[PDB]
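Structure assessment
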Amino acid sequence: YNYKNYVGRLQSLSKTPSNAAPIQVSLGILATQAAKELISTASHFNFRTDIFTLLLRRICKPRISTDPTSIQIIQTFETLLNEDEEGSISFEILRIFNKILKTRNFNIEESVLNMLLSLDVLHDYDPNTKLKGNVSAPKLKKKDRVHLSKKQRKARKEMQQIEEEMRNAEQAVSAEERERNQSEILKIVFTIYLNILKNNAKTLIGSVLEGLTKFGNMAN
RNA sequence: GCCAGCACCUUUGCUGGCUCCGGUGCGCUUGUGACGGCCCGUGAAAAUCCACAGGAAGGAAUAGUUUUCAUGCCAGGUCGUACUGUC
């Protein structure tokens with residue numbers, strides 16, 4: 001309840017027509033910074049859609065160069081799209097982005113449109129990529145174990161056998177959902193790019209063609 | 001178990017002694033104790049036995065209560081079992 005009220009207040013304060021007193025503009029800027037900082041970890045929580053909507057509305061303004069936070073919000077959105085592999089948060093952001101663009105007749109800054117270039121869901125890598133060197137003790141040593149009762153050991157076995165099948169099912173569900181999210185995001189991105197091309201905005205052509213070249217081979 | 005002696009056309013067995021004291025191990029077989037190393041779900045389940053918390057209930061005037069102390073009584077059915085012998 002309190003987080004809902006806080007996010008609603010942040011959204012209300014973010015909307016400032018840049019014509020009121022400078023105190024209100026400062027309030028809106030601080031609210032936008034707070035929302036930008038909050039979404040870095042509260043993305044997997046309730047009412048993330050409101051934060052996404054307010055941040056994208058701030059970004060999708062016709063003039064954002066005077067805004068002292070557009071750089072940071074674009075960086076955060078790019079990081080969110082880059083680190084998201086399953087495609088759930090990416091699709092959630094892209095739906096709102098398309099909804100906002102359709103209202104503005106697809107008129108944004110090339111830089112804004114550049115966030116779609118960082119979509120991890122539309123990227124494919126080597127099946128055997130080398131991750132970072134991560135080292136940990138494989139198993140607790142036998143002579144350094146903690147005593148467990150027979151009932152405790154039986155419960156440990158049961159919960160391990162449950163967890164193994166839960167992990168298998170989780171992997172299967174993630175694999176089957178990534179493909180569908182990828183298809184939906186491809187549809188949305190290609191629709192946005194084609195609408196931009198039909199509008200023929202002289203300041204957005206290069207980014208659009210780069211997006212087509214990057215994501216062209218991921219489609220059907 | 002090892003001896004010695006005396007009995008018989010026969011189951012023809014009787015008697016007398018000695019069966020003691022030690023040492024040794026990169027030895028073989030096997031059990032076991034404390035460790036050390038590595039793998040790994042803290043490494044099958046159940047019948048079965050025991051204990052612990054808890055404080056219900058019970059206990060006295062011509063045999064109070066309990067009998068995880070001691071002694072004493074009774075019983076233990078069905079099937080396999082001779083012989084040989086891919087693991």
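Residues numbered from 1 in each chain as written, not as in the entry; some residues may be left out. Chains lettered and ligands numbered in written order. Part of a larger assembly, values for the part shown. Heavy atoms only, no water.

1. Some remarks on the protein's contact with RNA strand B
- As a structural note, the neighbourhood of RNA strand B is formed by 13 residues, with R145, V146, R153, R156 and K157 the closest of them.
- A share of 54% is what sugar and phosphate atoms reach among the atoms of RNA strand B within 4 Å of the protein.
- Between a base nitrogen of RNA strand B and a main-chain N or O atom of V146, the distance comes to 2.8 Å.
- Separating a phosphate oxygen of RNA strand B from a side-chain N or O atom of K157 is a distance of 2.8 Å.
- When grouped by side-chain class, the residues that make up the surface near RNA strand B number three nonpolar, one polar and nine charged. (Near = heavy atom within 4 Å. Polar contact = N/O pair within 3.5 Å; in protein donor to acceptor, adjacent residues only side chain to side chain. Nonpolar A, V, L, I, M, F, W, Y, C, P; charged D, E, K, R; others polar.)

2. Description of the packing of aromatic side chains
- In this structure the tally under the stated criterion is two aromatic pairs.
- On the numbers, 5.2 Å between centres and 80° between planes, the contact of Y3 with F45 is edge-to-face. Of the two residues, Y3 sits in helix α1 (residues 2–14) while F45 sits in the loop between α2 (22–38) and α3 (48–59), which places them 42 residues apart along the sequence.
- With 6.0 Å between their ring centres and 45° between their planes, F52 and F77 make a pair best called tilted. Taken together, the positions of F52 in helix α3 and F77 in helix α4 (residues 70–83) put the pair 25 residues apart, joining distant regions of the chain. Neither residue differs from the other here; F52 and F77 are each classed as buried.
- Taking the ring centre of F91 as reference, the NZ or CZ of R95 above it sits at 5.4 Å. (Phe/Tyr/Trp six-rings, centres within 6.5 Å; stacked < 30°, edge-to-face > 60°. Helix = DSSP H or I, 4+ residues; strand = E, 2+ residues; numbered from the N terminus. Buried < 20%, exposed > 50% of the residue type's maximum accessible area, 1.4 Å probe, protein only. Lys NZ or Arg CZ within 6 Å of the ring centre and 35° of its normal.)

3. A few points about the environment of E92
- Structurally, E92 is set in helix α5 (residues 88–103).
- Using a relative accessible area of 11% as the deciding quantity, one classes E92 as buried.
- Along the backbone, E92 and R48 are 44 residues apart, and their C-alpha atoms lie at a distance of 9.3 Å.
- Excluding its chain neighbours within four sequence positions, the residues that come into contact with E92 are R48, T49 and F52. (Contact = heavy atoms within 4.5 Å.)

4. Concerning the packing of α1 against α3
- Taken N-terminus to C-terminus, the directions of α1 and α3 make an angle of 15°; their axes are 10 Å apart at the nearest point. On the basis of their axis angle, the class for α1 and α3 is roughly parallel. Here the hand of the crossing between α1 and α3 comes out left-handed. Across the interface between the two elements, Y3, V7, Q11 and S14 of α1 pack against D50, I51, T53, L54, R57 and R58 of α3.
- Here the contact of α1 with α3 is built from residues that sort into four nonpolar, three polar and three charged. (Axes fitted to C-alpha atoms, helices over the stretch in contact; angles between N-to-C directions. Parallel < 35°, antiparallel > 145°, perpendicular 65-115°, else oblique. Left-handed = near helix turned anticlockwise from the far one by under 90°.)

5. Quick look at helix α7 (residues 150–199)
- Along its 50 residues, α7 runs 72 Å from first to last C-alpha, staying within 8% of the 74 Å computed at 1.5 Å per residue.
- In this structure, the buried side of α7 is in contact with α5, α6 (110–113) and α8 (205–215). (Expected span 1.5 Å × (residues − 1).)

6. Considerations on the pattern of salt bridges
- Going through the model one piece at a time under the given rule, you end up with five salt bridges.
- A salt bridge links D67 to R58; the shortest N-O distance between them is 2.8 Å.
- Its salt-bridge partner being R95, residue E92 comes within 2.7 Å of it at the nearest N-O pair. Within this pair, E92 and its partner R95 are both found in helix α5, separated by three residues, close to a single helical turn. (Salt bridge = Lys/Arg side-chain N within 4 Å of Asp/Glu carboxyl O.)

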